[PDB]
$ cat protein.cif   # mmCIF, C-alpha atoms and all ligand atoms
data_my_file
loop_
_atom_site.group_PDB
_atom_site.id
_atom_site.type_symbol
_atom_site.label_atom_id
_atom_site.label_comp_id
_atom_site.auth_asym_id
_atom_site.auth_seq_id
_atom_site.Cartn_x
_atom_site.Cartn_y
_atom_site.Cartn_z
ATOM 1 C CA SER B 1 3.661 -14.901 9.210
ATOM 2 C CA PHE B 2 6.099 -12.042 7.939
ATOM 3 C CA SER B 3 9.678 -13.251 7.274
ATOM 4 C CA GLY B 4 12.874 -11.683 5.948
ATOM 5 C CA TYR B 5 11.936 -8.071 6.772
ATOM 6 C CA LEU B 6 14.455 -5.443 7.765
ATOM 7 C CA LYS B 7 13.258 -3.502 10.816
ATOM 8 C CA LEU B 8 13.442 0.252 10.120
ATOM 9 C CA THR B 9 11.672 1.540 13.271
ATOM 10 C CA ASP B 10 9.593 0.161 16.262
ATOM 11 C CA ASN B 11 6.711 -0.518 13.846
ATOM 12 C CA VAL B 12 7.949 -0.225 10.241
ATOM 13 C CA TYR B 13 9.529 -3.167 8.421
ATOM 14 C CA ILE B 14 10.672 -3.428 4.806
ATOM 15 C CA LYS B 15 11.458 -6.247 2.345
ATOM 16 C CA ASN B 16 12.347 -6.491 -1.340
ATOM 17 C CA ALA B 17 9.356 -8.579 -2.377
ATOM 18 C CA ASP B 18 6.461 -8.724 -4.783
ATOM 19 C CA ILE B 19 3.481 -7.763 -2.621
ATOM 20 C CA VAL B 20 1.298 -10.300 -4.489
ATOM 21 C CA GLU B 21 3.727 -13.143 -3.676
ATOM 22 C CA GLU B 22 4.038 -11.869 -0.148
ATOM 23 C CA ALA B 23 0.232 -11.722 0.292
ATOM 24 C CA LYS B 24 -0.238 -15.259 -1.146
ATOM 25 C CA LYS B 25 2.412 -16.558 1.344
ATOM 26 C CA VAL B 26 1.375 -14.727 4.508
ATOM 27 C CA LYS B 27 -2.406 -14.327 3.880
ATOM 28 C CA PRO B 28 -2.255 -11.230 6.114
ATOM 29 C CA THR B 29 -5.301 -9.744 7.821
ATOM 30 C CA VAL B 30 -4.818 -6.628 5.662
ATOM 31 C CA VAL B 31 -3.081 -6.052 2.357
ATOM 32 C CA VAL B 32 -2.976 -2.387 1.240
ATOM 33 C CA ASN B 33 -3.720 -1.576 -2.361
ATOM 34 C CA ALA B 34 -2.258 1.529 -4.044
ATOM 35 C CA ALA B 35 -5.688 2.526 -5.290
ATOM 36 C CA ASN B 36 -7.032 5.461 -7.290
ATOM 37 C CA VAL B 37 -10.340 7.220 -6.403
ATOM 38 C CA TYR B 38 -12.292 5.140 -8.938
ATOM 39 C CA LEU B 39 -10.840 1.803 -7.746
ATOM 40 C CA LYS B 40 -9.787 1.132 -11.366
ATOM 41 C CA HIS B 41 -7.010 -1.383 -10.780
ATOM 42 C CA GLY B 42 -5.159 -1.044 -14.045
ATOM 43 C CA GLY B 43 -1.461 -0.849 -13.321
ATOM 44 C CA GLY B 44 1.239 -0.920 -10.666
ATOM 45 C CA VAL B 45 0.328 -2.596 -7.375
ATOM 46 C CA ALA B 46 -3.429 -2.315 -8.095
ATOM 47 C CA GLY B 47 -3.205 -4.049 -11.452
ATOM 48 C CA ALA B 48 -1.018 -6.787 -9.955
ATOM 49 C CA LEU B 49 -3.261 -7.387 -6.887
ATOM 50 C CA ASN B 50 -6.384 -7.363 -9.049
ATOM 51 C CA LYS B 51 -4.894 -9.818 -11.584
ATOM 52 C CA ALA B 52 -3.930 -12.129 -8.670
ATOM 53 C CA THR B 53 -7.641 -12.173 -7.639
ATOM 54 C CA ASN B 54 -8.644 -13.114 -11.249
ATOM 55 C CA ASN B 55 -10.415 -9.718 -11.490
ATOM 56 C CA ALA B 56 -12.649 -10.437 -8.445
ATOM 57 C CA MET B 57 -11.166 -7.308 -6.783
ATOM 58 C CA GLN B 58 -12.241 -5.178 -9.784
ATOM 59 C CA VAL B 59 -15.776 -6.646 -9.844
ATOM 60 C CA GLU B 60 -16.178 -5.975 -6.133
ATOM 61 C CA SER B 61 -14.656 -2.491 -6.523
ATOM 62 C CA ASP B 62 -17.040 -1.552 -9.363
ATOM 63 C CA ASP B 63 -19.997 -2.498 -7.135
ATOM 64 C CA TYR B 64 -18.470 -0.395 -4.304
ATOM 65 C CA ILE B 65 -18.108 2.628 -6.627
ATOM 66 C CA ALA B 66 -21.629 2.144 -8.040
ATOM 67 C CA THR B 67 -23.001 2.336 -4.481
ATOM 68 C CA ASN B 68 -20.700 4.911 -2.880
ATOM 69 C CA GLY B 69 -19.062 6.979 -5.568
ATOM 70 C CA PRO B 70 -15.345 7.650 -5.748
ATOM 71 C CA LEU B 71 -12.992 7.777 -2.792
ATOM 72 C CA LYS B 72 -11.203 11.009 -1.837
ATOM 73 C CA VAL B 73 -7.472 11.388 -2.553
ATOM 74 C CA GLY B 74 -5.977 10.563 0.870
ATOM 75 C CA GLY B 75 -8.927 8.291 1.682
ATOM 76 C CA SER B 76 -9.531 4.581 1.822
ATOM 77 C CA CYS B 77 -12.048 1.822 1.963
ATOM 78 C CA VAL B 78 -11.932 -1.725 3.328
ATOM 79 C CA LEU B 79 -12.976 -4.407 0.876
ATOM 80 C CA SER B 80 -12.359 -8.154 0.629
ATOM 81 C CA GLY B 81 -8.813 -9.427 0.411
ATOM 82 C CA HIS B 82 -10.074 -12.286 -1.822
ATOM 83 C CA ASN B 83 -7.429 -15.053 -2.067
ATOM 84 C CA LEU B 84 -4.657 -12.669 -0.941
ATOM 85 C CA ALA B 85 -5.685 -11.520 2.529
ATOM 86 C CA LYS B 86 -8.706 -11.242 4.889
ATOM 87 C CA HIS B 87 -9.209 -7.599 3.783
ATOM 88 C CA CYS B 88 -7.832 -5.212 1.264
ATOM 89 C CA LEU B 89 -7.430 -1.641 2.445
ATOM 90 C CA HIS B 90 -7.644 0.408 -0.759
ATOM 91 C CA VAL B 91 -5.741 3.594 -0.019
ATOM 92 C CA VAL B 92 -5.513 6.525 -2.407
ATOM 93 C CA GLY B 93 -2.214 8.331 -2.239
ATOM 94 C CA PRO B 94 -1.830 11.539 -4.300
ATOM 95 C CA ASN B 95 -0.807 10.887 -7.894
ATOM 96 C CA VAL B 96 1.885 13.463 -8.705
ATOM 97 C CA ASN B 97 1.540 12.533 -12.429
ATOM 98 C CA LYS B 98 -2.071 13.915 -12.143
ATOM 99 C CA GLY B 99 -0.828 17.060 -10.235
ATOM 100 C CA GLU B 100 -2.324 15.936 -6.908
ATOM 101 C CA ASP B 101 -1.131 17.582 -3.652
ATOM 102 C CA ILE B 102 1.799 15.549 -2.193
ATOM 103 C CA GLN B 103 0.704 16.883 1.266
ATOM 104 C CA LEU B 104 -2.201 14.360 0.984
ATOM 105 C CA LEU B 105 0.342 11.505 1.346
ATOM 106 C CA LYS B 106 0.293 11.921 5.156
ATOM 107 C CA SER B 107 -3.538 11.688 5.144
ATOM 108 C CA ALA B 108 -3.274 8.566 2.974
ATOM 109 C CA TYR B 109 -0.859 6.885 5.450
ATOM 110 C CA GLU B 110 -3.134 7.804 8.399
ATOM 111 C CA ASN B 111 -5.606 5.197 7.096
ATOM 112 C CA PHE B 112 -3.045 2.518 8.087
ATOM 113 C CA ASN B 113 -3.495 3.468 11.776
ATOM 114 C CA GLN B 114 -6.966 1.874 11.784
ATOM 115 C CA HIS B 115 -5.341 -1.585 11.362
ATOM 116 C CA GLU B 116 -3.002 -3.196 13.912
ATOM 117 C CA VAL B 117 -0.891 -4.893 11.198
ATOM 118 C CA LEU B 118 -0.691 -4.412 7.428
ATOM 119 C CA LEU B 119 1.238 -5.654 4.408
ATOM 120 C CA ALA B 120 1.621 -2.544 2.189
ATOM 121 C CA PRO B 121 3.376 -0.892 -0.677
ATOM 122 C CA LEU B 122 4.931 2.628 -0.473
ATOM 123 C CA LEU B 123 2.030 4.977 -1.154
ATOM 124 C CA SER B 124 2.317 7.363 -4.111
ATOM 125 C CA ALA B 125 5.545 5.646 -5.250
ATOM 126 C CA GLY B 126 5.987 3.950 -8.667
ATOM 127 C CA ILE B 127 3.492 5.041 -11.283
ATOM 128 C CA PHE B 128 1.980 7.526 -8.800
ATOM 129 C CA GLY B 129 5.067 9.675 -9.367
ATOM 130 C CA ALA B 130 6.158 10.652 -5.864
ATOM 131 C CA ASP B 131 9.696 10.224 -4.531
ATOM 132 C CA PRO B 132 9.746 6.795 -2.737
ATOM 133 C CA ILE B 133 12.322 8.078 -0.218
ATOM 134 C CA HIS B 134 9.846 10.805 0.787
ATOM 135 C CA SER B 135 7.006 8.197 0.878
ATOM 136 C CA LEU B 136 9.006 6.016 3.278
ATOM 137 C CA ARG B 137 9.776 9.012 5.512
ATOM 138 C CA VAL B 138 6.064 9.995 5.623
ATOM 139 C CA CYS B 139 5.193 6.341 6.336
ATOM 140 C CA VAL B 140 7.574 6.065 9.332
ATOM 141 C CA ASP B 141 6.471 9.501 10.642
ATOM 142 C CA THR B 142 2.717 8.800 10.260
ATOM 143 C CA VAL B 143 1.997 5.111 10.732
ATOM 144 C CA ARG B 144 2.027 3.918 14.346
ATOM 145 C CA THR B 145 0.639 0.419 13.682
ATOM 146 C CA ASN B 146 2.802 -2.495 12.401
ATOM 147 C CA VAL B 147 3.452 -2.012 8.699
ATOM 148 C CA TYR B 148 5.350 -4.490 6.557
ATOM 149 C CA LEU B 149 6.401 -2.734 3.397
ATOM 150 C CA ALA B 150 6.987 -4.765 0.255
ATOM 151 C CA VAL B 151 9.206 -2.971 -2.289
ATOM 152 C CA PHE B 152 9.105 -4.779 -5.641
ATOM 153 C CA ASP B 153 12.095 -3.062 -7.251
ATOM 154 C CA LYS B 154 15.470 -4.370 -5.802
ATOM 155 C CA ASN B 155 17.374 -1.225 -6.841
ATOM 156 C CA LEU B 156 14.765 0.996 -5.148
ATOM 157 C CA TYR B 157 14.738 -1.283 -2.046
ATOM 158 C CA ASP B 158 18.560 -0.903 -1.786
ATOM 159 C CA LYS B 159 18.332 2.884 -2.227
ATOM 160 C CA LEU B 160 15.537 3.143 0.388
ATOM 161 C CA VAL B 161 17.471 1.119 3.005
ATOM 162 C CA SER B 162 20.831 2.813 2.342
ATOM 163 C CA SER B 163 19.325 6.334 2.534
ATOM 164 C CA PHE B 164 17.028 5.678 5.551
ATOM 165 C CA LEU B 165 17.623 8.107 8.341
HETATM 166 O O1 LIG B 201 7.625 -1.206 -4.715
HETATM 167 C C1 LIG B 201 8.025 -0.823 -5.894
HETATM 168 O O2 LIG B 201 9.004 -1.238 -6.433
HETATM 169 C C2 LIG B 201 7.183 0.254 -6.520
HETATM 170 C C3 LIG B 201 7.201 1.546 -5.688
HETATM 171 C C4 LIG B 201 5.877 1.564 -4.950
HETATM 172 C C5 LIG B 201 5.061 0.367 -5.417
HETATM 173 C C6 LIG B 201 5.679 -0.060 -6.752
HETATM 174 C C7 LIG B 201 5.341 -1.483 -7.131
HETATM 175 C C8 LIG B 201 5.035 -2.507 -6.201
HETATM 176 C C9 LIG B 201 4.556 -3.664 -6.786
HETATM 177 S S1 LIG B 201 4.504 -3.503 -8.459
HETATM 178 C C10 LIG B 201 5.121 -1.911 -8.410
#

$ encode --input "protein.cif" --output "structure tokens" --more "lines below"
Ligand SMILES: O=C(O)[C@@H]1CCC[C@@H]1c1ccsc1
Amino acid sequence: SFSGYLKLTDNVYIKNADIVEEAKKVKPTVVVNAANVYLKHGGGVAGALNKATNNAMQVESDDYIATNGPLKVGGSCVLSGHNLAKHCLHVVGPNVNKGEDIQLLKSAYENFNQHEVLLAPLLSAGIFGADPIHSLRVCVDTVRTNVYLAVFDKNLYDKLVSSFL
């Protein structure tokens, strides 16, 4: 299972790791995707997770959207984890680069509470434009279940650990 994580709180752990490599190694029950409302897995974590599934995540996601329509910002859906995990929890954090309300980041993290353990990225961080330090703070203050955060960028991982209150 999960190895090499730094414990931040009772239930939040963090590691400088590529979430795709981490998912292939652990095969967790749940891997969180940093999804958008259309489940178009183009870039960032979504593009990387989808490419690791050989586009099977995108094919499944297009069928989900055809049936259900788009997700809400702050919402989620559970789909297959493919070769990476049992399930993928596609969570939509607000995209600050699209002017979405950063207050929706807490609602996005609340989706994690429906799963006893998750491998996840920092929601709304990276190409979503939010401050990752704020994302980590909202994560620790919102998620009560066991979350193993994979931070791809070493420099950001170091900054997140060194500034963690
Ligand atoms: O973790 C990072 O370094 C950033 C911030 C949030 C997710 C993003 C990422 C993760 C896997 S590819 C890009």

$ resolve_selection --input "protein.cif" --expression "the PyMOL selection byres (((chain B and resi 154-158) around 10) and not hetatm)" --output "VMD selection string"
chain B and resid 14 to 17 126 132 to 133 150 to 153 159 to 164

$ atom_distance --input "protein.cif" --atom1 "atom CA of residue B:56" --atom2 "atom CA of residue B:118"
20.8 Å

$ resolve_selection --input "protein.cif" --expression "the PyMOL selection byres (((chain B and resi 23-27) around 7) and not hetatm)" --output "list in words"
residues 1, 2, 19, 20, 21, 22, 28, 29, 31, 84 and 85 of chain B

$ write_last_selection --input "protein.cif" --atoms "C-alpha atoms" --output "JSON list (two decimals), keeping the file's coordinate frame"
[["chain", "number", "residue", "atom", "x", "y", "z"],
["B", 1, "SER", "CA", 3.66, -14.90, 9.21],
["B", 2, "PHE", "CA", 6.10, -12.04, 7.94],
["B", 19, "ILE", "CA", 3.48, -7.76, -2.62],
["B", 20, "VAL", "CA", 1.30, -10.30, -4.49],
["B", 21, "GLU", "CA", 3.73, -13.14, -3.68],
["B", 22, "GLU", "CA", 4.04, -11.87, -0.15],
["B", 28, "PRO", "CA", -2.26, -11.23, 6.11],
["B", 29, "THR", "CA", -5.30, -9.74, 7.82],
["B", 31, "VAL", "CA", -3.08, -6.05, 2.36],
["B", 84, "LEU", "CA", -4.66, -12.67, -0.94],
["B", 85, "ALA", "CA", -5.68, -11.52, 2.53]]

$ closest_residue --input "protein.cif" --among "B:92, B:125, B:73, B:143" --to "ligand LIG 201 (chain B)" --atoms "all atoms listed in the file"
B:125

$ residues_around --input "protein.cif" --residues "residue B:101" --least-positions-apart "5" --cutoff "12 Å" --atoms "all atoms listed in the file" --output "PDB file with C-alpha atoms, in the coordinates of the input"
ATOM      1  CA  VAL B  73      -7.472  11.388  -2.553  1.00  0.00           C
ATOM      2  CA  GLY B  74      -5.977  10.563   0.870  1.00  0.00           C
ATOM      3  CA  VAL B  92      -5.513   6.525  -2.407  1.00  0.00           C
ATOM      4  CA  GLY B  93      -2.214   8.331  -2.239  1.00  0.00           C
ATOM      5  CA  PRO B  94      -1.830  11.539  -4.300  1.00  0.00           C
ATOM      6  CA  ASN B  95      -0.807  10.887  -7.894  1.00  0.00           C
ATOM      7  CA  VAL B  96       1.885  13.463  -8.705  1.00  0.00           C
ATOM      8  CA  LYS B 106       0.293  11.921   5.156  1.00  0.00           C
ATOM      9  CA  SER B 107      -3.538  11.688   5.144  1.00  0.00           C
ATOM     10  CA  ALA B 108      -3.274   8.566   2.974  1.00  0.00           C
ATOM     11  CA  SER B 124       2.317   7.363  -4.111  1.00  0.00           C
ATOM     12  CA  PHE B 128       1.980   7.526  -8.800  1.00  0.00           C
ATOM     13  CA  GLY B 129       5.067   9.675  -9.367  1.00  0.00           C
ATOM     14  CA  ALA B 130       6.158  10.652  -5.864  1.00  0.00           C
TER      15      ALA B 130
END

$ closest_residue --input "protein.cif" --among "B:82, B:87, B:144, B:51" --to "residue B:109" --atoms "all atoms listed in the file"
B:144

$ closest_residue --input "protein.cif" --among "B:76, B:135, B:114, B:3" --to "ligand LIG 201 (chain B)" --atoms "all atoms listed in the file"
B:135

$ closest_residue --input "protein.cif" --among "B:8, B:136, B:65, B:165" --to "ligand LIG 201 (chain B)" --atoms "all atoms listed in the file"
B:136

$ closest_residue --input "protein.cif" --among "B:18, B:63, B:110, B:100" --to "residue B:140" --atoms "only C-alpha atoms"
B:110

$ atom_distance --input "protein.cif" --atom1 "atom CA of residue B:120" --atom2 "atom CA of residue B:66"
25.8 Å

$ closest_residue --input "protein.cif" --among "B:123, B:149, B:77, B:89" --to "residue B:102" --atoms "all atoms listed in the file"
B:123

$ axis_aligned_box --input "protein.cif" --around "stretch 146-153 of chain B" --padding-each-side "6 Å" --output "AutoDock Vina command-line options"
--center_x 7.4 --center_y -3.4 --center_z 2.6 --size_x 21.3 --size_y 14.8 --size_z 31.7

$ atom_distance --input "protein.cif" --atom1 "atom CA of residue B:57" --atom2 "atom CA of residue B:38"
12.7 Å

$ residues_around --input "protein.cif" --residues "residue B:116" --least-positions-apart "4" --cutoff "9 Å" --atoms "all atoms listed in the file" --output "list in words"
residues 112, 144, 145, 146 and 147 of chain B

$ residues_around --input "protein.cif" --residues "residue B:61" --least-positions-apart "5" --cutoff "8 Å" --atoms "all atoms listed in the file" --output "list in words"
residues 39, 40 and 79 of chain B
